[PDB]
Amino acid sequence: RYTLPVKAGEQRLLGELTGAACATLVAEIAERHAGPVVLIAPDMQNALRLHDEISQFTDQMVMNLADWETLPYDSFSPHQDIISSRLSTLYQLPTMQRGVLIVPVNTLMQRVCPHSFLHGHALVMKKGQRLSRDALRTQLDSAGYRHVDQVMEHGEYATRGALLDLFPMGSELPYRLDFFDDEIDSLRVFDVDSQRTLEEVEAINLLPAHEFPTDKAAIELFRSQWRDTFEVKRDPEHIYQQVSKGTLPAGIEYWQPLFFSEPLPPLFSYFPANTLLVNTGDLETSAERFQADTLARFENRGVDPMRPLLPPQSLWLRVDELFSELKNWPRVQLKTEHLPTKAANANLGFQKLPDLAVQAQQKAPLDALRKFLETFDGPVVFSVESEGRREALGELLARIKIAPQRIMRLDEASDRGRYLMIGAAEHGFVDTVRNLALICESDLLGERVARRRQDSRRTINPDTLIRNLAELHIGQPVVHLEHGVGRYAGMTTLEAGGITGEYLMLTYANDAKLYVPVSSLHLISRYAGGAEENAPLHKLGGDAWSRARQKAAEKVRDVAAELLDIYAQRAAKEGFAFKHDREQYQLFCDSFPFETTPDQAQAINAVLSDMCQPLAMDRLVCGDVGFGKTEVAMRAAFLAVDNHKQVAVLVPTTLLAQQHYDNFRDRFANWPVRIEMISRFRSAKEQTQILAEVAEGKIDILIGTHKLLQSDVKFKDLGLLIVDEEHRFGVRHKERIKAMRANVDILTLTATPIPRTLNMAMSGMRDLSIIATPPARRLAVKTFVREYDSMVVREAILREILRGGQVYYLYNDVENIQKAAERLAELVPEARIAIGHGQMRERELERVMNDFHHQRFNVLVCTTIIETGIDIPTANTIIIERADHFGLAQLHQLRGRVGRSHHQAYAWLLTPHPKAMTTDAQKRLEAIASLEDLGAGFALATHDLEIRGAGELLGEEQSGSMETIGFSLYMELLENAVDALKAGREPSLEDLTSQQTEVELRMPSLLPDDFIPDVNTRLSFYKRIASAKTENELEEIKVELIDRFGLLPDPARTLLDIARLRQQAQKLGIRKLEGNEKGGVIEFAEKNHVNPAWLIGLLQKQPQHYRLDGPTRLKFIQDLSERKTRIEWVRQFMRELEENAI
């Protein structure tokens, strides 16, 4: 139907086009191209957007050449994995026979190391190949593989017996080798997060750990070309200096030309004959733009003596000489615009389909679709993102009387047939040649846009990482109850009487080294006070830990009426169970005029399911700001009013109280639900009427400030309390509201908690929930740690006003707020300015927020009363003139005053002179500046904990260390209080030390350090030993150890059996055992199963071996010379016990 180019440089130009129709043409002309193809895109955000689409029409390999996704002259390291992937592309480019690679021109300019270099370096091992382990390991050093004890990414390797574990930088998956007798035995692959075997392969091509050589010759010739080109200093942070030390700079990846006498070959150098080049746009122009941009970086970053910059010629090709090599291959050019009728112009017959969106407000969203359909005369195929999309299609396809047949093959389509494909395509079209219509979701439901949070490989890790990184950092503070807190200082073995056991190093003041047995691992916890800057190294024998323990125990006395009444009703009373409605709740789901984010929908599920359980519910909704936190609350309130439990919500501010009242009255504009406020905006008689209605319970949702704490609100039936922004309340108030209603289902909301409350949040006495995945277009607000600067105020106010939004101006001084507004009004003549502070008439302030809410004035000279959670999405610039005396969480909440929409938010924080600034806001500003990313609400929270500290676990003063023992200690003091309230055990029955069973057989039993190098895995497995309660746990522990690790050590198998012995004794009474070379002593239990008659039979038949040791102990005299003999005697001994057990 058209012609391929054949000549080197031969063109086919295309016109009258649309978007992804181009990709269809690409797929077609690729199928009439026996060789491979390279598509070239204007941008990489296009390209993956492109990628799957051509995959949506591919039977060949759609391959993306992704890029480094960094700055031109960046200062960091790109994620290696896609690099490794690109390496595979580098590995698999001059070998290809069909399929396609895409590149952008900025990705086209990276001229890469030769495939000959790769091919010599990349190698292959085979299944039955004669190879020594350290020989291949030396080849891995040649590969520059990175020795990691617990390997996670490419070019990383771990030593474990005959097994050498490595994750290569070719494959998706890591490998196990297990050599034998100068021989490759195995080649066995697994998921590392599984850490367990998946499958065998008989071969590996291992690509070496970088694209770049870093060997001794590489380093030397680097130094050669470097001292040809750049200057060198004695400074150790010089790039030359670390590469001379053979280590890896962060921003080295631009300095890679230093390895080559030749200039770097382009990817075109890799190109075989059969390749194709496909253009879309004057990509020369984008290339020239990128040249200018990167050249701008070549001056801007080309001033640093500490990072010296190579020529941009020396990294990337120029546009004209580029096009000179572009002469060498035929190239098809693509233009949406129609072409003239010159030769080699195609203009193939495709139209953008006219818009057929859903018009739901009238009767017919679908009549445009209809009159489209009967004027059309061919197949209409529907791109469907998922099969879970498609029933939604059916949801509408029943409404047009017509439904398609699902297909996967485009050219099955025939006359007037309706068909569809699972595909995420952009837009519908009209095909003239085959007369084919196609329909997508973006044509129908408006912009079905997907907001890209991160790339495929790396992202912020809010779930796994903090769970993964929650113990055993070296030097981290870490607590032992006998002595206080110290810093972790490693793990070692020590010989202490023939038992070279494993003990942990803890450092105290005056370098006091404490070595701790692995059995006593449970006397060690993470320091719960944060205090990472400075934490108390209790000097050994200093008794301050003992004094604080006694003081806390005095506070932890079970006569404490602050919470022991709650624990008494916990031991005497119960709660309410909400019932769910499967039908009416869907109506209020459809009353929700947006789409729930995935991270908020699961929060709704966790809230509502915990409502539907009988205990007194208690959940925290600590999410990012403006993420629809109000929506979770209104869903919970809708379930509660479906049971009519008189919902009591509580915010610490009349302003956002009124704002949420407007939200409630607007959203709940259909149901017979009474939503009322008691606050200061209701008078002494209006609020009196409203509290009377509360006392009669006819109000279903009550909205109030700290007015609710005045002992005067009495619900006739209170079931649901919704706390919002608990960080300003005070635990006195949070228990004042709590002590009224016992079986209330408490709900707690914030954006950031108190570090004390944050600690009890992560330790899980109550529930936790983090919200991410922003709703539409929420953004990284630009933090401006700037000085107090009038011109900065000028540029900020003008740029916000030309943007169209409003300006915040925080002052926090009522005595000078009138003067500040008076000077600033003439200081910015183009501003509209009023005054806001909480020391004037509340209806006047109501007028002020009436004006600022309804956009009546732009700049607001205000105190920190704007930190009351006021929504106002139009505001996108905040100026804090004095950033001195404000906490960091408050700074983040003020950063949450701007944004909340698609328009960009600025955050100007004017400061005084940095010496006259503060002692603490220097830290606060470097925290608020370094933290601007998706998911930073809990990162700043984990800063807030350990900059201000967790307060007293029950009493006041939630900021400060407040003798922080740990919330884990609250468990033990609470359970001792439970013993106290058991009415038969006293507080003097304080079970502080409960080993609760102990056995000893006197062997060194350890995880060996040469066997287990990682102390983290070793301690974790020790915790597995401790947490082992059944033999099948032991079975799985041993098989995962043999799986991931191979050898089965003597002391390891011994201690496994010892844990089995403790399992037996717990199953079979036994309070205590002692064993030695000649025997030992057994200490029985009361509620036991020890056979007395069989036991005295044992006595009277071997009096030589046994004597009584008290009525509940027993000395046994046994020739326990061989360690195996000991093992057998105890094993069969408790077997004998288990046979005749009583």
# chains A, B, ... in the order shown; residues from 1 in each chain; ligands from 1

call {"tool": "residues_around", "arguments": {"residues": "region 899-913 of chain A", "least_positions_apart": "4", "cutoff": "9 Å", "atoms": "only C-alpha atoms", "output": "PyMOL selection string"}}
result
chain A and resi 625-627+776-789+792-793+796+800+803+805+871-884+894-895+917+925

call {"tool": "select_by_dssp", "arguments": {"residues": "region 489-701 of chain A", "states": "alpha helix (DSSP H)", "output": "PyMOL selection string"}}
result
chain A and resi 544-555+564-570+584-590+598-611+629-643+654-667+686-695

call {"tool": "residues_around", "arguments": {"residues": "residue 813 (chain A)", "least_positions_apart": "2", "cutoff": "12 Å", "atoms": "only C-alpha atoms", "output": "list in words"}}
result
residues 809, 810, 811, 815, 816, 817, 818, 819, 820, 821, 835, 836, 837, 838, 839, 861, 862, 863, 864, 865, 881, 882 and 885 of chain A

call {"tool": "residues_around", "arguments": {"residues": "residue 674 (chain A)", "least_positions_apart": "4", "cutoff": "9 Å", "atoms": "only C-alpha atoms", "output": "compact mmCIF listing (two decimals) with N, CA and C atoms, in the first residue's frame"}}
result
# COMPACT_ATOMS: atom_id res chain seq x y z
N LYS A 698 -30.95 14.62 69.30
CA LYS A 698 -31.51 14.74 67.96
C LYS A 698 -30.49 15.26 66.96
N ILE A 699 -29.36 15.77 67.42
CA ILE A 699 -28.25 16.08 66.54
C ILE A 699 -27.50 14.79 66.25
N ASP A 700 -27.28 14.51 64.97
CA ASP A 700 -26.57 13.31 64.58
C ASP A 700 -25.07 13.52 64.43
N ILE A 701 -24.64 14.70 64.00
CA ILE A 701 -23.22 15.03 63.89
C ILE A 701 -23.00 16.38 64.57
N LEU A 702 -22.15 16.39 65.60
CA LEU A 702 -21.83 17.59 66.35
C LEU A 702 -20.40 18.02 66.05

call {"tool": "residues_around", "arguments": {"residues": "residue 652 (chain A)", "least_positions_apart": "4", "cutoff": "7 Å", "atoms": "only C-alpha atoms", "output": "list in words"}}
result
residues 705, 706, 728 and 729 of chain A

call {"tool": "residues_around", "arguments": {"residues": "region 1092-1100 of chain A", "least_positions_apart": "3", "cutoff": "10 Å", "atoms": "only C-alpha atoms", "output": "mmCIF file with N, CA and C atoms, in the first residue's frame"}}
result
data_model
loop_
_atom_site.group_PDB
_atom_site.id
_atom_site.type_symbol
_atom_site.label_atom_id
_atom_site.label_comp_id
_atom_site.auth_asym_id
_atom_site.auth_seq_id
_atom_site.Cartn_x
_atom_site.Cartn_y
_atom_site.Cartn_z
ATOM 1 N N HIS A 1089 3.345 -32.825 84.245
ATOM 2 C CA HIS A 1089 2.972 -34.145 83.760
ATOM 3 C C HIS A 1089 4.054 -35.169 84.066
ATOM 4 N N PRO A 1103 19.699 -46.317 91.262
ATOM 5 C CA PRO A 1103 20.136 -45.414 92.337
ATOM 6 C C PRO A 1103 21.541 -44.893 92.126
ATOM 7 N N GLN A 1104 22.336 -45.622 91.353
ATOM 8 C CA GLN A 1104 23.676 -45.212 90.973
ATOM 9 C C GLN A 1104 23.641 -43.918 90.172
ATOM 10 N N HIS A 1105 22.649 -43.770 89.307
ATOM 11 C CA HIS A 1105 22.606 -42.620 88.429
ATOM 12 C C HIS A 1105 21.823 -41.461 88.989
ATOM 13 N N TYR A 1106 21.045 -41.665 90.044
ATOM 14 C CA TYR A 1106 20.081 -40.641 90.405
ATOM 15 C C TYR A 1106 20.010 -40.504 91.915
ATOM 16 N N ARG A 1107 19.814 -39.276 92.387
ATOM 17 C CA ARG A 1107 19.338 -39.043 93.739
ATOM 18 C C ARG A 1107 18.337 -37.900 93.702
ATOM 19 N N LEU A 1108 17.416 -37.934 94.653
ATOM 20 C CA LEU A 1108 16.510 -36.827 94.892
ATOM 21 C C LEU A 1108 17.285 -35.556 95.196
ATOM 22 N N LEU A 1114 15.983 -32.860 91.167
ATOM 23 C CA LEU A 1114 16.458 -34.217 90.938
ATOM 24 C C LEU A 1114 17.877 -34.137 90.418
ATOM 25 N N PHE A 1116 20.807 -35.993 88.676
ATOM 26 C CA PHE A 1116 21.086 -37.170 87.875
ATOM 27 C C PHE A 1116 22.572 -37.232 87.578
ATOM 28 N N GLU A 1136 11.244 -40.166 77.063
ATOM 29 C CA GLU A 1136 10.751 -41.034 78.128
ATOM 30 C C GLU A 1136 9.727 -40.306 78.961
ATOM 31 N N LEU A 1137 10.005 -39.030 79.209
ATOM 32 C CA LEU A 1137 9.074 -38.176 79.926
ATOM 33 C C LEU A 1137 7.760 -38.054 79.173
ATOM 34 N N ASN A 1140 5.287 -41.669 79.285
ATOM 35 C CA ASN A 1140 4.517 -42.007 80.465
ATOM 36 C C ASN A 1140 4.026 -40.768 81.189
ATOM 37 N N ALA A 1141 3.747 -39.695 80.454
ATOM 38 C CA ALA A 1141 3.418 -38.414 81.053
ATOM 39 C C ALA A 1141 2.062 -38.463 81.749
ATOM 40 N N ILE A 1142 1.978 -37.757 82.871
ATOM 41 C CA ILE A 1142 0.738 -37.683 83.628
ATOM 42 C C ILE A 1142 0.158 -36.280 83.520
#

call {"tool": "atom_distance", "arguments": {"atom1": "CA of residue 970 (chain A)", "atom2": "CA of residue 530 (chain A)"}}
result
16.5 Å

call {"tool": "residues_around", "arguments": {"residues": "residue 241 (chain A)", "least_positions_apart": "4", "cutoff": "12 Å", "atoms": "only C-alpha atoms", "output": "PDB file with N, CA and C atoms, in the first residue's frame"}}
result
ATOM      1  N   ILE A 219      42.141   2.719  36.331  1.00  0.00           N
ATOM      2  CA  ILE A 219      42.415   3.830  37.232  1.00  0.00           C
ATOM      3  C   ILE A 219      43.637   4.598  36.760  1.00  0.00           C
ATOM      4  N   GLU A 220      44.678   3.873  36.348  1.00  0.00           N
ATOM      5  CA  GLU A 220      45.902   4.520  35.894  1.00  0.00           C
ATOM      6  C   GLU A 220      45.665   5.344  34.638  1.00  0.00           C
ATOM      7  N   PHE A 222      42.789   6.480  33.560  1.00  0.00           N
ATOM      8  CA  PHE A 222      41.990   7.597  34.043  1.00  0.00           C
ATOM      9  C   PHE A 222      42.881   8.722  34.516  1.00  0.00           C
ATOM     10  N   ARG A 223      43.847   8.384  35.372  1.00  0.00           N
ATOM     11  CA  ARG A 223      44.740   9.382  35.943  1.00  0.00           C
ATOM     12  C   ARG A 223      45.555  10.051  34.853  1.00  0.00           C
ATOM     13  N   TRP A 226      43.124  12.379  32.937  1.00  0.00           N
ATOM     14  CA  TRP A 226      42.798  13.420  33.897  1.00  0.00           C
ATOM     15  C   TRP A 226      43.917  14.432  33.989  1.00  0.00           C
ATOM     16  N   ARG A 227      45.145  13.975  34.196  1.00  0.00           N
ATOM     17  CA  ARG A 227      46.219  14.944  34.307  1.00  0.00           C
ATOM     18  C   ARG A 227      46.603  15.522  32.956  1.00  0.00           C
ATOM     19  N   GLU A 231      42.948  20.021  36.332  1.00  0.00           N
ATOM     20  CA  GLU A 231      43.869  20.263  37.424  1.00  0.00           C
ATOM     21  C   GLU A 231      43.597  19.289  38.568  1.00  0.00           C
ATOM     22  N   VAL A 232      44.584  19.150  39.449  1.00  0.00           N
ATOM     23  CA  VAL A 232      44.501  18.260  40.599  1.00  0.00           C
ATOM     24  C   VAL A 232      44.857  19.043  41.853  1.00  0.00           C
ATOM     25  N   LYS A 233      44.193  18.728  42.958  1.00  0.00           N
ATOM     26  CA  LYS A 233      44.503  19.361  44.230  1.00  0.00           C
ATOM     27  C   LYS A 233      44.854  18.304  45.261  1.00  0.00           C
ATOM     28  N   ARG A 234      45.394  18.767  46.389  1.00  0.00           N
ATOM     29  CA  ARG A 234      45.653  17.881  47.516  1.00  0.00           C
ATOM     30  C   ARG A 234      44.385  17.567  48.296  1.00  0.00           C
ATOM     31  N   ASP A 235      43.272  18.192  47.931  1.00  0.00           N
ATOM     32  CA  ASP A 235      42.002  17.985  48.606  1.00  0.00           C
ATOM     33  C   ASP A 235      41.538  16.541  48.426  1.00  0.00           C
ATOM     34  N   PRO A 236      41.188  15.843  49.509  1.00  0.00           N
ATOM     35  CA  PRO A 236      40.752  14.445  49.367  1.00  0.00           C
ATOM     36  C   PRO A 236      39.395  14.298  48.711  1.00  0.00           C
ATOM     37  N   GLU A 237      38.588  15.356  48.673  1.00  0.00           N
ATOM     38  CA  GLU A 237      37.302  15.278  47.997  1.00  0.00           C
ATOM     39  C   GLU A 237      37.412  15.536  46.499  1.00  0.00           C
ATOM     40  N   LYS A 245      41.937   6.469  44.786  1.00  0.00           N
ATOM     41  CA  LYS A 245      41.645   5.517  45.848  1.00  0.00           C
ATOM     42  C   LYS A 245      40.760   4.376  45.378  1.00  0.00           C
ATOM     43  N   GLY A 246      40.267   4.427  44.146  1.00  0.00           N
ATOM     44  CA  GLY A 246      39.496   3.325  43.611  1.00  0.00           C
ATOM     45  C   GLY A 246      38.086   3.211  44.140  1.00  0.00           C
ATOM     46  N   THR A 247      37.518   4.299  44.643  1.00  0.00           N
ATOM     47  CA  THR A 247      36.136   4.316  45.098  1.00  0.00           C
ATOM     48  C   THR A 247      35.286   5.144  44.144  1.00  0.00           C
ATOM     49  N   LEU A 248      33.986   5.157  44.401  1.00  0.00           N
ATOM     50  CA  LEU A 248      33.017   5.593  43.396  1.00  0.00           C
ATOM     51  C   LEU A 248      32.379   6.922  43.754  1.00  0.00           C
ATOM     52  N   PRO A 249      32.594   7.959  42.956  1.00  0.00           N
ATOM     53  CA  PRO A 249      31.914   9.233  43.188  1.00  0.00           C
ATOM     54  C   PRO A 249      30.440   9.137  42.841  1.00  0.00           C
ATOM     55  N   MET A 306      35.722  21.602  42.753  1.00  0.00           N
ATOM     56  CA  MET A 306      35.607  20.312  43.401  1.00  0.00           C
ATOM     57  C   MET A 306      34.956  19.280  42.492  1.00  0.00           C
ATOM     58  N   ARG A 307      34.287  19.721  41.429  1.00  0.00           N
ATOM     59  CA  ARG A 307      33.757  18.820  40.406  1.00  0.00           C
ATOM     60  C   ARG A 307      34.022  19.449  39.052  1.00  0.00           C
TER      61      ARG A 307
END

call {"tool": "closest_residue", "arguments": {"among": "A:328, A:476, A:757, A:959", "to": "residue 489 (chain A)", "atoms": "only C-alpha atoms"}}
result
A:476

call {"tool": "atom_distance", "arguments": {"atom1": "CA of residue 20 (chain A)", "atom2": "CA of residue 442 (chain A)"}}
result
12.8 Å

call {"tool": "select_by_dssp", "arguments": {"residues": "region 232-448 of chain A", "states": "strand (DSSP E or B)", "output": "ChimeraX atom specification"}}
result
/A:277-280,331-334,345,350-352,380-384,405-406,418-422,429-431,437-439

call {"tool": "write_last_selection", "arguments": {"atoms": "N, CA and C atoms", "output": "CSV table (one decimal), in the first residue's frame"}}
result
chain,number,residue,atom,x,y,z
A,277,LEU,N,15.3,4.0,11.3
A,277,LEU,CA,15.3,5.3,12.0
A,277,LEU,C,13.9,5.9,11.8
A,278,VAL,N,13.2,6.3,12.8
A,278,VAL,CA,11.9,6.9,12.7
A,278,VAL,C,11.8,8.2,13.5
A,279,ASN,N,11.5,9.3,12.8
A,279,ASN,CA,11.5,10.6,13.4
A,279,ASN,C,10.1,11.0,13.7
A,280,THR,N,10.0,11.8,14.8
A,280,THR,CA,8.7,12.5,15.0
A,280,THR,C,9.1,13.9,15.6
A,331,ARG,N,15.3,6.7,7.0
A,331,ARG,CA,14.6,7.3,8.1
A,331,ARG,C,13.2,7.8,7.7
A,332,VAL,N,12.2,7.4,8.4
A,332,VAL,CA,10.9,7.8,8.1
A,332,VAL,C,10.5,8.9,9.0
A,333,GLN,N,10.0,10.0,8.5
A,333,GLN,CA,9.7,11.1,9.3
A,333,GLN,C,8.2,11.2,9.5
A,334,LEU,N,7.8,11.7,10.7
A,334,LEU,CA,6.4,11.7,11.1
A,334,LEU,C,5.9,13.1,11.4
A,345,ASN,N,6.1,11.8,0.0
A,345,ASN,CA,5.1,12.2,1.0
A,345,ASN,C,3.9,11.2,0.9
A,350,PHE,N,-6.0,9.1,7.9
A,350,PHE,CA,-6.4,9.0,9.3
A,350,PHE,C,-6.9,10.3,9.8
A,351,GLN,N,-8.0,10.3,10.6
A,351,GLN,CA,-8.5,11.5,11.2
A,351,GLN,C,-8.6,11.3,12.7
A,352,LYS,N,-8.3,12.4,13.5
A,352,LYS,CA,-8.7,12.4,14.9
A,352,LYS,C,-10.2,12.3,14.9
A,380,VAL,N,-15.8,-0.5,15.1
A,380,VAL,CA,-15.5,0.4,16.2
A,380,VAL,C,-14.9,-0.4,17.3
A,381,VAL,N,-13.6,-0.2,17.6
A,381,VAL,CA,-12.8,-1.0,18.5
A,381,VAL,C,-12.5,-0.1,19.7
A,382,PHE,N,-12.5,-0.7,20.9
A,382,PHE,CA,-12.5,0.0,22.1
A,382,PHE,C,-11.2,-0.3,22.9
A,383,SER,N,-10.3,0.6,23.1
A,383,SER,CA,-9.2,0.4,24.0
A,383,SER,C,-9.6,0.4,25.4
A,384,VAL,N,-9.3,-0.7,26.2
A,384,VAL,CA,-9.8,-0.9,27.5
A,384,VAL,C,-8.5,-1.0,28.4
A,405,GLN,N,-17.5,-7.3,20.7
A,405,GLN,CA,-16.9,-8.6,21.0
A,405,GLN,C,-15.4,-8.4,21.2
A,406,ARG,N,-14.9,-8.9,22.3
A,406,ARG,CA,-13.4,-8.7,22.7
A,406,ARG,C,-12.6,-9.4,21.6
A,418,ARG,N,-18.4,-4.2,16.1
A,418,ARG,CA,-17.9,-3.6,17.3
A,418,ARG,C,-17.0,-4.5,18.0
A,419,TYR,N,-15.7,-4.1,18.2
A,419,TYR,CA,-14.8,-4.9,18.9
A,419,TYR,C,-14.0,-4.1,19.9
A,420,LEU,N,-13.2,-4.8,20.7
A,420,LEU,CA,-12.4,-4.1,21.7
A,420,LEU,C,-11.2,-4.9,22.1
A,421,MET,N,-10.2,-4.2,22.7
A,421,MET,CA,-8.9,-4.8,23.1
A,421,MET,C,-8.6,-4.3,24.4
A,422,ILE,N,-7.9,-5.1,25.2
A,422,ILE,CA,-7.4,-4.6,26.5
A,422,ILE,C,-6.2,-3.7,26.1
A,429,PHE,N,-10.0,7.3,17.0
A,429,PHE,CA,-9.7,7.9,15.6
A,429,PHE,C,-10.7,7.3,14.6
A,430,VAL,N,-10.6,7.9,13.4
A,430,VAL,CA,-11.3,7.4,12.2
A,430,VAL,C,-10.2,7.0,11.2
A,431,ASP,N,-10.3,5.8,10.7
A,431,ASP,CA,-9.4,5.3,9.6
A,431,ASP,C,-10.2,5.3,8.4
A,437,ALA,N,-13.2,2.9,13.3
A,437,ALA,CA,-13.3,3.8,14.4
A,437,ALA,C,-12.7,3.1,15.6
A,438,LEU,N,-12.1,4.0,16.5
A,438,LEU,CA,-11.6,3.5,17.7
A,438,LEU,C,-11.9,4.5,18.9
A,439,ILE,N,-12.1,3.9,20.1
A,439,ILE,CA,-12.6,4.7,21.2
A,439,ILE,C,-11.8,4.4,22.4

call {"tool": "closest_residue", "arguments": {"among": "A:295, A:747, A:675, A:948", "to": "residue 766 (chain A)", "atoms": "only C-alpha atoms"}}
result
A:747

call {"tool": "closest_residue", "arguments": {"among": "A:1138, A:1009, A:1014, A:693", "to": "residue 715 (chain A)", "atoms": "only C-alpha atoms"}}
result
A:693
